[PDB]
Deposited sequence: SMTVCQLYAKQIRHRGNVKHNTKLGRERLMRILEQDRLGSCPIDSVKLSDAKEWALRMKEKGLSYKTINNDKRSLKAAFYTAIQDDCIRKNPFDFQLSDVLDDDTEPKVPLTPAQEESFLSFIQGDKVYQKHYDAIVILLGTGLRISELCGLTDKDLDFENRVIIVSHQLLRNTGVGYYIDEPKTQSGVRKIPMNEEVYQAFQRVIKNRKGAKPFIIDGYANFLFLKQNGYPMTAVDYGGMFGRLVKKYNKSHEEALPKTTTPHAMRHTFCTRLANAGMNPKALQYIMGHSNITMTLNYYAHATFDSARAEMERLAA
């Protein structure tokens, strides 16, 4: 009979969720509890737009305000199933998308970025980690999850069958795909292969660690335990800021561990790699995400291709 109580019921309905979801839901539950639109009766469309106006004034980005709306709309979708859905509208009207464009790295930047890492006495230890990302386009947690079992040196193949993440409290835990759709095999090039060989040959001080039958992880922290998402993201934040201070052409504002995946995917799509073959290596279930890396065509473009394949 209130909004805050409503979202609590929607949370108890679909309980089978990962750990990060529970955190993300609590953040929204904290927002509803800290706003006037959280103490009102569900039976009491204009206020939802006003709520969207306040979240924009809080400082939260467009998508952050957008994703939350979808959760509330589902909560009222079930409520109406059990008036009119007050969150049934387009956020594009109330607020504008001030989202930052994730500009990839130009081949000149990468050749200068890697050289900096290699020649930097502080971050040269992560060089082998970065090269593989620009050769496999692995997700950052997929990289941290790799063990000696998931590598095929003889056949040059990376078996991506899991991901290793760590959260506050729960600690380390292994996440796996339900069906065999998640599993994919990524081929190693000479740069990637010889990078893994250096990681294996230079691994030392691995403290005793086993989680759900996984051990001998490749990338470990200085504290003895494997690297996590935060450990690599925070390293990038320091590395890029150090690169920008010594290089005029500062790296893109989105130069994050995921941008290494951006750059990888964008390259192949530009070089004319098979769109479905790219979808596999990327691990996209829906082809739509992969096709976003491909440039929008024109008449001249469509004509050129027709004349190229005539």
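No C-alpha positions are given for the deposited-sequence stretches 1, 46-47, 86-88, 317.
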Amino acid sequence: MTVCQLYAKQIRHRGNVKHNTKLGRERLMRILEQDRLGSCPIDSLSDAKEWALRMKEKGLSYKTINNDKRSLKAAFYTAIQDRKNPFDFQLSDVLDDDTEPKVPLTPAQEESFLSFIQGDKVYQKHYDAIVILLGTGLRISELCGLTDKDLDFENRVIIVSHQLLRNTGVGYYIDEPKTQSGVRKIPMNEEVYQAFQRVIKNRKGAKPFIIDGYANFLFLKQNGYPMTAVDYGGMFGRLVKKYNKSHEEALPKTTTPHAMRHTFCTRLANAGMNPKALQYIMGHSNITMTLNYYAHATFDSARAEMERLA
From here on, numbers count along this sequence of modelled residues.
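Comparing 5-13 with 21-29, the higher mean C-alpha B-factor in the PDB entry belongs to 5-13. Higher mean CA B-factor, judged across 89-97 and 224-232 from the recorded values: 89-97. Per the deposited record, 242 carries the highest C-alpha B-factor of all listed residues (258, 276, 267, 242). The top Cα temperature factor in the record, among 284, 262, 58, 63, falls on 284.
Ranked against the other modelled residues of its chain, the C-alpha B-factor of residue 216 as given in the entry falls in the middle third. In the deposited entry, the Cα temperature factor of residue 201 sits in the top third of values across the chain's modelled residues. When the CA B factors of the chain's modelled residues are split into thirds, the value for residue 125 lands in the lowest one. The deposited CA B-factor of residue 288 belongs to the highest third of values across its chain. In this PDB entry, residue 40 carries a Cα temperature factor that places it within the highest third of its chain's modelled residues.
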